[PDB]
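Student: Provided hereafter are the protein sequence and its experimental coordinates.
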Amino acid sequence: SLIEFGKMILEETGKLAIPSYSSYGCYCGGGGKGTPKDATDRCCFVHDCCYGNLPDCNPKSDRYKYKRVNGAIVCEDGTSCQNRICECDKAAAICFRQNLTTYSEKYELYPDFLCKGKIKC
């Protein structure tokens, strides 16, 4: 769930999911159209695609558990949806941490009409 995702993001990056990653670019938050603007946005695209691979799961509300072993994120065992959701989210958090040096506030509240283009998962 967004509660766990939010916590991963904060832990990894030192940034609050809302609003740093909830209105960024074309895919972070309410994405769904266009070419991703930068590496962070691409992280959101991949994350959207990962969720899109689980059409009978409910990633926003189904809670999972995770722990850290030596700083690394480890998804605890739960149902099979919880497992897959967690791996999607873990990958996004690490993607965000990897691209922190190019995070650009100019993409915050990015306007919808500028999200142009096409990109398949």
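Tutor: On my side now, so go ahead. Numbering: from 1, shown residues only.

Student: drop to CA atoms for contacts and neighbour counts, all remaining ones
Tutor: Fine.

Student: do you know how far residue 20 is from residue 5?
Tutor: Counting by CA to CA, to the nearest Å, the gap from residue 20 to residue 5 is 13 Å.

Student: Next: residue 93.
Tutor: Taken as CA to CA, the span from residue 93 to residue 5 is 8 Å.

Student: Please apply the same query to residue 73.
Tutor: Here residue 73 is placed at a distance of 12 Å from residue 5 (CA to CA).

Student: okay, and the common contacts of those two?
Tutor: In terms of CA atoms under 8 Å, 6 or more residues apart in numbering, residue 73 and residue 5 are both contacted by the residues residue 90.

Student: got a list of contacts for the longest helix belonging to the chain?
Tutor: Counting by DSSP state H, the longest helix found in the chain is helix 80-98. Contacts to helix 80-98, defined as CA under 8 Å, 6+ apart, come from residues 5, 8-9, 12-13, 40, 43-44, 46-47, 50-51, 54, 57-59, 62-66, 73, 75-77.
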